[PDB]
Each structure stands twice: as structure tokens, then as C-alpha cells.
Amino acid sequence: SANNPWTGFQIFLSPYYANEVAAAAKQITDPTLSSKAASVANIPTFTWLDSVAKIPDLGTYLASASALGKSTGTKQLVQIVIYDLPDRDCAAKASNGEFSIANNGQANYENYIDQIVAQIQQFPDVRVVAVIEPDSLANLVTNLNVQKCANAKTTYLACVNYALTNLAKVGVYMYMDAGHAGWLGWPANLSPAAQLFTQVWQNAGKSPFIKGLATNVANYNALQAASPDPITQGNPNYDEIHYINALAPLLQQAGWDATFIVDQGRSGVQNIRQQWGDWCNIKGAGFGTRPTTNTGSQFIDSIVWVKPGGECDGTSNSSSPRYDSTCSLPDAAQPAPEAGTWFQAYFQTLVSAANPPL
């Protein structure tokens, strides 16, 4: 590979996360633990554009990044997540979003992307790296018999295409979400997954800005497992390095020099789940390996922190329309607030259990 988006750039630290972390650390009673938690705001994370109201935030982040770059004599990089599909989260309930297909979803999303493009277009000196629509494509590999997913398949593909095609015109480096090793990493899923991703890549014109795929976003898999998690029984690809070593060659066969980024933001503590599919607020997770480009794998551009640890995965209140029974499992921290909202006790455990220690 030739073009790693991080080379020669300084990552712009998320002010949104920083404000959450500064607030959470002053509430942590242990003094050294509070110091460690406070330091989390200096670790680069991805900022989620999980609703239109966040688009002005992206405005202020690019402008701050531009200024930081001019004043420090560096080139700055802003890390974002495109996550506002119509009928979002089609195989769960916890992260249902603000747009729906039956309520002008297609148009709302295209306007969402347009407004994002118009922001990024005003700051050519700032590089952007985007993860494209967590969970969407993977749902279209394994969840087509889910009627919500099946009904939204063509909307998902159209919208993902619209994001890819139009963010490319303002030079955004993009990694399409590709699930994780327990999802698409199953050997029998590798080829169907690859066929989808290469179709999506081809449909977006094979633009050089489509770098490749992101894995483990908002999940907890090891990148390189010391020993296989017991939940991984039956899958030889028990960790993300196995998944990626098995999937990436298929992408290259079709001529896509595809590279990867891997969430490790909540991967510090392994063996914390009853079943692999337990994804919601897993009790006892720690912050994992810090973001770095020294990945040890020919396919991986960066270890990253995509899901901001401490922001909730979903509510445990079964009276909310966004209740998902996954968020009430014995390995899920409860009680838990609405997804995307701050979960103070979960953040403290992420700090305490961080591996490597903070």
C-alpha cells in the first residue's frame, strides 16, 4: 500500500469527547484514577455525526483544526463517523436514529451528506478520515431475512453510495464499516462480505479515497488474542487480525488494495461475554490499545478508537421505544441510559480496567 491517511498528519482531538471526559473525571473520587481518566481526553477518538444537529459541530472542529494547524505548523486530521442512515440499526433496537424511510428518509440523508460535504469543502487544508455507517453493510450480509433490513437494503446501498461518492469529491478518506470477526469473520461469510464490499467499491467508482474497511467498531474483540475468547468457539477467526488476514486477500483479487482500521477503544479486557453476539454495555470492559499506525499487519493502516468509551450503547429500560433485550443480559451493565448518552459508571470501569494501563 502507498497512502496511509495518518502519515504526516497530527490528529485533532475530539472536543466533544474531551468535554465528556473532563466532566467525568472530576466526579471520580480516587485522585490518581481521576488523573488517569482525565488523560483519556488526549487520546484520539472518532466523533460521531449520529444526527444532523451534530453537523455544525463538524464545522467548528474543522475550523479549529485549520487554526491549530496554522499555529503549530502541522497538518491536522479530523476523525468522524457517518452514522445517520434511514432505518438505522435495522437488526437491533438500541440505536434507532432520527431518520426513517417512511418519513422522507432518503432525502433527509442526502441533505445530511450534502451539508457535511459543504462544511468539509471550506477547509481544504484539513484532512478528514470517515468511518462509513457502522453496522449497515454487515446487516446486508447476514441479516437480509430481517424484514426491516430487507426493506431498507436498497436505501442502505443508495445512501452509502451517496456518502462515498460525494465525500470523495472533497477528498475524504473513508473506511466502510465491515462488522467484526464474530460477525463477518466466520469463514463462510468472508466471500459474501467481500462481494458486497467490492460491489459497493465498484459502484462508487473505485475512488482512491475509499481506503478500505473498519472492523470491531463499538465491539470488544481482541486484535491479536493471547488465547481465543470462549465465545469464539467454532470460528477459526477468533480475533480481528485473523478476520482481516482472511478477508483482505479477497478484496485484492478484485484489484482493491484495501486497508483496514480496527477499533480497540473497549478491547482492553477480554473474556467478558457470555455469547459473542452480546454487544451492549458489556460489564467490565477496559480501554484497549492506544491508536497507532504501528499495527503489525500488512493490511491495517491504524488501530483506532471509534466508539467513544463511556457513551452508552443502549438503554436497559424496557419502557423505552429503543429498548433492546441485548441491553438487559447478565453481562450488560445495568441500569443503563439511552444510547449515545453518558454512562458515568461504565467510563470509570473503562479507565480502571484499561489495558495497557493509563
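One-based numbering along the sequence shown. In this text, the rigid core denotes the largest set of C-alpha atoms whose superposition between the two forms falls within 1.5 Å.
In summary, of the stretches 178-186 and 104-112, 104-112 shows the greater Cα distance from the shown form in 4 other deposited structures of this protein, with structures fitted on the rigid core.
Stretch comparison, 94-102 versus 80-88: after rigid core superposition, larger RMS CA deviation in 4 other deposited structures of this protein is found for 94-102.
In this entry, 324-332 shows the higher mean Cα temperature factor of the pair 300-308 and 324-332. Of the two segments examined, 226-234 and 260-268, it is 226-234 that shows the higher average Cα temperature factor in the deposited entry. As recorded in the entry, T29 carries the highest CA temperature factor of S66, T293, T47, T29.
Annotation for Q119: CA B-factor lies in the middle third of the chain's modelled residues. Residue-level temperature factors show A353 in the middle third of its chain, judged at the C-alpha atom. Per-chain ranking of the deposited C-alpha B factor places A91 in the middle third.
Among all modelled residues in this chain, the alpha-carbon of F287 has a temperature factor (C-alpha) in the middle third. Sort the modelled residues of the chain by CA B factor and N216 lands in the lowest third.
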